[PDB]
Amino acid sequence: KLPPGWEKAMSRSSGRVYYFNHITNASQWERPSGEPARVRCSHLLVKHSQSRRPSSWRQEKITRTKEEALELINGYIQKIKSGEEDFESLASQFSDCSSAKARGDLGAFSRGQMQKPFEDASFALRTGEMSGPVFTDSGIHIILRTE
Ligand SMILES: CC(=O)Nc1cc(N)ccc1C
Ligand SMILES: CC(=O)Nc1cc(N)ccc1C
Ligand SMILES: [Cl-]
């Protein structure tokens, strides 16, 4: 009885219930409450050797494995969630997308325009919410819905 895409889950380590969104891969302790023509998102992309274009402004030849990319994504999420780092700072420094130079901002878009998993996560996020790891042919994304 939860917003689109949410399910109850059980923490293995602590035994406490949490909520998981299978569209955004977000997870959180707190019970979520609750479609625009357009949303605005920022993202942090980590590419891997199987990315559509395994090359970025950071690295002419991206050689990391998808597993390694996911560990990096997980570490960025941890630091954003802890407040040790800001999303925008990590995107500027470490996103393999050319949008890193705009602190990850992709601007506004509607359905049909972005890769489908990215699109679906974006529209399932509430304004201000952040995804978990989202997989596309580009690689692995942390998505921040800003509008
Ligand atoms: C992939 C993409 O959209 N990149 C980008 C986004 C913004 N906002 C500014 C400049 C660039 C190059
Ligand atoms: C963020 C995103 O999904 N970008 C994108 C969208 C399409 N349609 C094709 C290729 C890329 C890289
Ligand atoms: Cl590009």
# chains A, B, ... in the order shown; residues from 1 in each chain; ligands from 1
>>> residues_near_ligand(ligand="ligand 2", cutoff="7 Å", atoms="only C-alpha atoms and all ligand atoms", output="PDB file with N, CA, C and O atoms, in the first residue's frame")
ATOM      1  N   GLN A 113      12.684  10.053 -24.058  1.00  0.00           N
ATOM      2  CA  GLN A 113      13.933  10.705 -24.413  1.00  0.00           C
ATOM      3  C   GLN A 113      15.167  10.018 -23.855  1.00  0.00           C
ATOM      4  O   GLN A 113      16.172   9.942 -24.560  1.00  0.00           O
ATOM      5  N   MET A 114      15.126   9.530 -22.618  1.00  0.00           N
ATOM      6  CA  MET A 114      16.275   8.908 -21.975  1.00  0.00           C
ATOM      7  C   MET A 114      16.189   7.387 -22.083  1.00  0.00           C
ATOM      8  O   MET A 114      15.148   6.814 -22.419  1.00  0.00           O
ATOM      9  N   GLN A 115      17.305   6.728 -21.798  1.00  0.00           N
ATOM     10  CA  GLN A 115      17.278   5.273 -21.760  1.00  0.00           C
ATOM     11  C   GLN A 115      16.223   4.827 -20.751  1.00  0.00           C
ATOM     12  O   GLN A 115      16.024   5.455 -19.701  1.00  0.00           O
ATOM     13  N   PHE A 118      16.748   4.559 -16.883  1.00  0.00           N
ATOM     14  CA  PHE A 118      16.993   5.902 -16.378  1.00  0.00           C
ATOM     15  C   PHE A 118      15.712   6.680 -16.325  1.00  0.00           C
ATOM     16  O   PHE A 118      15.396   7.323 -15.316  1.00  0.00           O
ATOM     17  N   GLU A 119      14.945   6.614 -17.404  1.00  0.00           N
ATOM     18  CA  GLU A 119      13.673   7.308 -17.437  1.00  0.00           C
ATOM     19  C   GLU A 119      12.772   6.824 -16.313  1.00  0.00           C
ATOM     20  O   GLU A 119      12.203   7.619 -15.558  1.00  0.00           O
ATOM     21  N   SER A 138      24.711   2.763 -20.713  1.00  0.00           N
ATOM     22  CA  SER A 138      25.797   3.699 -20.437  1.00  0.00           C
ATOM     23  C   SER A 138      26.695   3.192 -19.326  1.00  0.00           C
ATOM     24  O   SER A 138      27.891   3.521 -19.289  1.00  0.00           O
TER      25      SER A 138
END
>>> select_by_dssp(residues="region 51-121 of chain A", states="helix (DSSP H, G or I)", output="PyMOL selection string")
chain A and resi 66-82+87-94+98-102+116-121
>>> write_last_selection(atoms="C-alpha atoms", output="PDB file, in the first residue's frame")
ATOM      1  CA  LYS A  66      30.778  -3.717 -14.072  1.00  0.00           C
ATOM      2  CA  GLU A  67      31.365  -5.159 -10.579  1.00  0.00           C
ATOM      3  CA  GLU A  68      34.070  -2.542  -9.920  1.00  0.00           C
ATOM      4  CA  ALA A  69      31.781   0.197 -11.270  1.00  0.00           C
ATOM      5  CA  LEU A  70      29.058  -0.952  -8.909  1.00  0.00           C
ATOM      6  CA  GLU A  71      31.428  -0.843  -5.918  1.00  0.00           C
ATOM      7  CA  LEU A  72      32.350   2.729  -6.842  1.00  0.00           C
ATOM      8  CA  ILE A  73      28.668   3.652  -7.169  1.00  0.00           C
ATOM      9  CA  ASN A  74      27.935   2.053  -3.807  1.00  0.00           C
ATOM     10  CA  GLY A  75      30.768   4.038  -2.201  1.00  0.00           C
ATOM     11  CA  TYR A  76      29.556   7.323  -3.645  1.00  0.00           C
ATOM     12  CA  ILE A  77      26.047   6.599  -2.391  1.00  0.00           C
ATOM     13  CA  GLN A  78      27.386   5.893   1.076  1.00  0.00           C
ATOM     14  CA  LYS A  79      29.282   9.179   1.186  1.00  0.00           C
ATOM     15  CA  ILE A  80      26.315  11.164  -0.132  1.00  0.00           C
ATOM     16  CA  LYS A  81      23.993   9.555   2.397  1.00  0.00           C
ATOM     17  CA  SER A  82      26.421  10.128   5.249  1.00  0.00           C
ATOM     18  CA  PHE A  87      26.154  14.583  -4.785  1.00  0.00           C
ATOM     19  CA  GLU A  88      27.140  17.572  -6.924  1.00  0.00           C
ATOM     20  CA  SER A  89      30.762  17.421  -5.855  1.00  0.00           C
ATOM     21  CA  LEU A  90      31.071  13.723  -6.574  1.00  0.00           C
ATOM     22  CA  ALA A  91      29.359  14.113  -9.935  1.00  0.00           C
ATOM     23  CA  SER A  92      31.714  16.945 -10.935  1.00  0.00           C
ATOM     24  CA  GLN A  93      34.768  14.928  -9.971  1.00  0.00           C
ATOM     25  CA  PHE A  94      33.844  11.387 -10.877  1.00  0.00           C
ATOM     26  CA  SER A  98      29.992  14.945 -20.008  1.00  0.00           C
ATOM     27  CA  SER A  99      27.338  16.386 -17.720  1.00  0.00           C
ATOM     28  CA  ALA A 100      29.885  16.175 -14.875  1.00  0.00           C
ATOM     29  CA  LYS A 101      30.875  19.696 -15.895  1.00  0.00           C
ATOM     30  CA  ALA A 102      27.389  20.906 -14.888  1.00  0.00           C
ATOM     31  CA  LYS A 116      14.301   3.436 -20.335  1.00  0.00           C
ATOM     32  CA  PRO A 117      15.726   2.358 -16.933  1.00  0.00           C
ATOM     33  CA  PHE A 118      16.993   5.902 -16.378  1.00  0.00           C
ATOM     34  CA  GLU A 119      13.673   7.308 -17.437  1.00  0.00           C
ATOM     35  CA  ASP A 120      11.683   4.981 -15.208  1.00  0.00           C
ATOM     36  CA  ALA A 121      13.817   5.696 -12.159  1.00  0.00           C
TER      37      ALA A 121
END
>>> residues_near_ligand(ligand="ligand 3", cutoff="10 Å", atoms="only C-alpha atoms and all ligand atoms", output="ChimeraX atom specification")
/A:53,55-57,96-99
>>> write_last_selection(atoms="N, CA and C atoms", output="mmCIF file, in the first residue's frame")
data_model
loop_
_atom_site.group_PDB
_atom_site.id
_atom_site.type_symbol
_atom_site.label_atom_id
_atom_site.label_comp_id
_atom_site.auth_asym_id
_atom_site.auth_seq_id
_atom_site.Cartn_x
_atom_site.Cartn_y
_atom_site.Cartn_z
ATOM 1 N N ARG A 53 29.737 3.229 -24.881
ATOM 2 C CA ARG A 53 31.006 3.858 -25.254
ATOM 3 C C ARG A 53 31.932 3.832 -24.039
ATOM 4 N N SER A 55 34.512 5.013 -22.647
ATOM 5 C CA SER A 55 35.434 6.124 -22.851
ATOM 6 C C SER A 55 34.703 7.299 -22.243
ATOM 7 N N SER A 56 35.448 8.224 -21.655
ATOM 8 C CA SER A 56 34.824 9.396 -21.037
ATOM 9 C C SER A 56 35.873 10.481 -20.983
ATOM 10 N N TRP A 57 35.441 11.669 -20.565
ATOM 11 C CA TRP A 57 36.362 12.769 -20.320
ATOM 12 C C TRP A 57 37.393 12.414 -19.259
ATOM 13 N N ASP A 96 31.438 9.860 -15.287
ATOM 14 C CA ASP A 96 31.934 9.577 -16.619
ATOM 15 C C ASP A 96 31.059 10.161 -17.697
ATOM 16 N N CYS A 97 30.070 10.940 -17.331
ATOM 17 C CA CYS A 97 29.239 11.657 -18.276
ATOM 18 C C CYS A 97 29.782 13.056 -18.506
ATOM 19 N N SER A 98 29.622 13.558 -19.735
ATOM 20 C CA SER A 98 29.992 14.945 -20.008
ATOM 21 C C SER A 98 29.207 15.928 -19.151
ATOM 22 N N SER A 99 28.081 15.501 -18.587
ATOM 23 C CA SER A 99 27.338 16.386 -17.720
ATOM 24 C C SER A 99 28.023 16.606 -16.379
#
>>> closest_residue(among="A:124, A:62, A:45, A:144", to="ligand 1", atoms="only C-alpha atoms and all ligand atoms")
A:45
>>> closest_residue(among="A:112, A:4, A:104, A:34", to="ligand 1", atoms="only C-alpha atoms and all ligand atoms")
A:104
>>> atom_distance(atom1="CA of residue 37 (chain A)", atom2="CA of residue 86 (chain A)")
28.0 Å
>>> closest_residue(among="A:83, A:107, A:15, A:54", to="ligand 1", atoms="only C-alpha atoms and all ligand atoms")
A:107
>>> select_by_dssp(residues="chain A", states="strand (DSSP E)", output="CSV table (one decimal) with N, CA, C and O atoms, in the first residue's frame")
chain,number,residue,atom,x,y,z
A,6,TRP,N,7.4,0.5,-4.5
A,6,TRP,CA,8.0,0.3,-3.2
A,6,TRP,C,7.5,-1.1,-2.6
A,6,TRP,O,6.4,-1.5,-2.9
A,7,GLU,N,8.4,-1.7,-1.8
A,7,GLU,CA,8.1,-2.9,-1.2
A,7,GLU,C,8.8,-2.9,0.2
A,7,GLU,O,9.8,-2.3,0.3
A,8,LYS,N,8.2,-3.6,1.1
A,8,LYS,CA,8.8,-3.9,2.4
A,8,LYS,C,9.9,-4.9,2.3
A,8,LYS,O,9.8,-5.8,1.5
A,9,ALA,N,10.9,-4.7,3.1
A,9,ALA,CA,12.0,-5.6,3.1
A,9,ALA,C,12.5,-5.8,4.5
A,9,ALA,O,12.0,-5.1,5.4
A,10,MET,N,13.3,-6.8,4.8
A,10,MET,CA,13.8,-7.1,6.1
A,10,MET,C,15.3,-7.0,6.1
A,10,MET,O,16.0,-7.7,5.3
A,17,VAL,N,12.7,-3.7,9.6
A,17,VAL,CA,12.1,-3.5,8.3
A,17,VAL,C,12.6,-2.3,7.6
A,17,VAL,O,12.9,-1.3,8.3
A,18,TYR,N,12.7,-2.3,6.3
A,18,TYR,CA,13.0,-1.2,5.5
A,18,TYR,C,12.2,-1.2,4.3
A,18,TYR,O,11.5,-2.2,4.0
A,19,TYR,N,12.3,-0.2,3.4
A,19,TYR,CA,11.5,-0.1,2.2
A,19,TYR,C,12.5,0.0,1.0
A,19,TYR,O,13.6,0.7,1.1
A,20,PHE,N,12.2,-0.7,0.0
A,20,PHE,CA,13.0,-0.8,-1.2
A,20,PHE,C,12.1,-0.5,-2.4
A,20,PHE,O,11.0,-0.9,-2.5
A,21,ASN,N,12.7,0.3,-3.4
A,21,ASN,CA,12.0,0.6,-4.6
A,21,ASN,C,12.7,-0.1,-5.7
A,21,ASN,O,13.9,0.1,-6.0
A,27,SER,N,16.6,2.6,-1.3
A,27,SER,CA,16.3,1.9,0.0
A,27,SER,C,16.4,2.8,1.1
A,27,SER,O,17.2,3.7,1.2
A,28,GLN,N,15.5,2.7,2.1
A,28,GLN,CA,15.4,3.6,3.2
A,28,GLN,C,14.7,2.9,4.4
A,28,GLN,O,13.8,2.1,4.1
A,39,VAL,N,10.5,15.9,-15.8
A,39,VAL,CA,11.3,16.0,-14.6
A,39,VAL,C,12.7,16.5,-15.0
A,39,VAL,O,13.1,16.5,-16.1
A,40,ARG,N,13.4,17.0,-14.0
A,40,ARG,CA,14.8,17.4,-14.1
A,40,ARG,C,15.6,16.5,-13.2
A,40,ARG,O,15.2,16.3,-12.1
A,41,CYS,N,16.7,16.0,-13.7
A,41,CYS,CA,17.6,15.2,-12.9
A,41,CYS,C,19.0,15.6,-13.2
A,41,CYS,O,19.4,16.0,-14.3
A,42,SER,N,19.8,15.3,-12.1
A,42,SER,CA,21.3,15.2,-12.2
A,42,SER,C,21.6,13.7,-12.1
A,42,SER,O,20.8,12.9,-11.6
A,43,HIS,N,22.8,13.3,-12.6
A,43,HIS,CA,23.2,12.0,-12.4
A,43,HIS,C,24.7,11.9,-12.2
A,43,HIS,O,25.4,12.9,-12.6
A,44,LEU,N,25.2,10.8,-11.6
A,44,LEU,CA,26.6,10.5,-11.6
A,44,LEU,C,26.7,9.1,-12.3
A,44,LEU,O,26.0,8.2,-11.9
A,45,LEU,N,27.5,9.1,-13.3
A,45,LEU,CA,27.6,7.9,-14.1
A,45,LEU,C,28.9,7.3,-13.9
A,45,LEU,O,29.9,8.0,-14.0
A,46,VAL,N,29.0,6.0,-13.6
A,46,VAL,CA,30.2,5.2,-13.6
A,46,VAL,C,30.1,4.2,-14.8
A,46,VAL,O,29.2,3.4,-14.8
A,105,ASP,N,24.0,17.8,-13.9
A,105,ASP,CA,22.7,18.2,-14.4
A,105,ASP,C,22.4,17.8,-15.8
A,105,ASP,O,23.3,18.1,-16.7
A,106,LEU,N,21.3,17.2,-16.1
A,106,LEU,CA,20.9,16.8,-17.4
A,106,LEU,C,19.8,17.7,-18.0
A,106,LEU,O,19.4,17.6,-19.1
A,107,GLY,N,19.3,18.6,-17.1
A,107,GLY,CA,18.2,19.4,-17.4
A,107,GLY,C,16.9,18.6,-17.4
A,107,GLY,O,16.8,17.4,-17.0
A,108,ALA,N,15.8,19.2,-17.9
A,108,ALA,CA,14.5,18.6,-17.9
A,108,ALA,C,14.3,17.8,-19.1
A,108,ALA,O,14.8,18.0,-20.2
A,109,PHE,N,13.5,16.7,-18.9
A,109,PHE,CA,13.2,15.8,-20.0
A,109,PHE,C,11.8,15.2,-19.8
A,109,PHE,O,11.4,15.1,-18.6
A,134,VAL,N,21.4,2.5,-10.8
A,134,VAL,CA,20.5,2.3,-11.9
A,134,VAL,C,21.3,1.9,-13.1
A,134,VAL,O,22.3,2.6,-13.4
A,135,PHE,N,21.0,0.8,-13.7
A,135,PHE,CA,21.8,0.3,-14.8
A,135,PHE,C,21.2,0.7,-16.2
A,135,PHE,O,20.0,0.5,-16.4
A,136,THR,N,22.0,1.2,-17.0
A,136,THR,CA,21.7,1.3,-18.4
A,136,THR,C,22.8,0.8,-19.3
A,136,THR,O,23.9,0.4,-18.8
A,139,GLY,N,26.1,2.4,-18.4
A,139,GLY,CA,26.8,2.1,-17.2
A,139,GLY,C,25.9,2.2,-16.0
A,139,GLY,O,24.7,1.7,-16.1
A,140,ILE,N,26.4,2.6,-14.9
A,140,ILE,CA,25.6,2.6,-13.6
A,140,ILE,C,25.5,4.0,-13.2
A,140,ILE,O,26.5,4.8,-13.1
A,141,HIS,N,24.3,4.4,-12.8
A,141,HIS,CA,23.9,5.8,-12.5
A,141,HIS,C,23.5,5.9,-11.1
A,141,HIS,O,22.8,5.0,-10.5
A,142,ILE,N,23.8,7.1,-10.4
A,142,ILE,CA,23.1,7.6,-9.3
A,142,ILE,C,22.3,8.8,-9.8
A,142,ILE,O,22.9,9.7,-10.4
A,143,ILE,N,21.0,8.7,-9.6
A,143,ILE,CA,20.1,9.8,-10.2
A,143,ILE,C,19.6,10.6,-9.0
A,143,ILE,O,19.0,10.1,-8.1
A,144,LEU,N,19.6,11.9,-9.2
A,144,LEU,CA,19.0,12.9,-8.3
A,144,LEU,C,17.9,13.6,-9.0
A,144,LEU,O,18.2,14.3,-10.0
A,145,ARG,N,16.7,13.5,-8.6
A,145,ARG,CA,15.6,14.2,-9.2
A,145,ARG,C,15.5,15.6,-8.5
A,145,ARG,O,15.3,15.7,-7.3
